[PDB]
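Form deposited in one PDB entry, single chain, as structure tokens, below.
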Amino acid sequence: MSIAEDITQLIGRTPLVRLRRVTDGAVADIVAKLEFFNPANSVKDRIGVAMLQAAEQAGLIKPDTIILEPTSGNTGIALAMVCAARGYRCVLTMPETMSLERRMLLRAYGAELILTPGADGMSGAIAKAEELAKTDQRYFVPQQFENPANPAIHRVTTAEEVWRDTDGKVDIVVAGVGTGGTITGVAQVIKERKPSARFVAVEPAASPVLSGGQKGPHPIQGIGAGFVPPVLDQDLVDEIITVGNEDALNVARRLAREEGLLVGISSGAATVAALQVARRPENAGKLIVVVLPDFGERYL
């Protein structure tokens, strides 16, 4: 029988789909890895389960442990879902500016929210989690930007899925960088197995930090953290492509209307970059895999 014991056993193993229309000028094949197929509709389901699994396996979860993370994006959703499946108490800090829709989603999974001053933004949320954890030893903080289980799950799952599903023919992987876990884990496995493979990191033109520029505000949720992420192995990244806000939005729109792929704005951004790489004559005939991190319905 093929029956999962719980929802966390159904995370990952996401499909590839060939882009047919959003391919203007391409001389390479572009195929998209659809992370919206995860149970809570994003890539972060992988790291939500992986980080808790690593803690469990290291004996860090105690009978009175409470999971705690500062989060304004998909990792909060992923942790809330996984904690519901696990039977863990889950506390998430975030600015009081977070939408009522997002709060209802997290609360639907039974997570408890601590809202921090709007003016202090995400620094205030992080500060609150830091203080909570320092003063109450029940809290276990996954730390998505520093946890080695983040790139590790991408080595074990995402990378192998890309490898197997392309029968090792993948030539170039294009991925937005938030924590850097996805592109790092995939590159760690695939570049060592196929040294000719290349890896393109995608960031916002509005906050081109990996490119050597300065942090700034931008709407491409999921990428452009404003610092070099500790988990990112920059030596595995062969190129950085910056993407403008309007281009990201426009291509995200095109994916929905022309491919039936309703994806987030960071998926638009990743696809802008993949299409740029795909137009290069030296890439004629190559296979480009672009990661599409989440579903677009939350962004409407």
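Throughout, rigid core stands for the largest set of C-alpha atoms superposing within 1.5 Å between the two forms. From 1 onward, residues are counted along the sequence shown.
This next part talks about the form deposited in another entry, which is not shown.
Asker: Considering only 219, 195, 212, 118, single out the residue whose C-alpha is displaced by at least 2 Å between the shown form and the other one after superposing the rigid core.
Answerer: Only 118 moves by 2 Å or more at its C-alpha.
Asker: At a 2 Å cut-off on C-alpha positions, does residue 101 qualify as shifted between the shown form and the other one after fitting the rigid core?
Answerer: Yes, the C-alpha moves 2 Å or more.
Asker: After superposing the rigid core, is the C-alpha displacement of residue 166 2 Å or more between the shown form and the other one?
Answerer: Comparing forms between the shown form and the other one, the residue 166 CA shifts below 2 Å.
Asker: When the rigid core is used for the superposition, does residue 268 move between the shown form and the other one (threshold: C-alpha shift of 2 Å or more)?
Answerer: After core superposition, the C-alpha of residue 268 moves less than 2 Å between the shown form and the other one.
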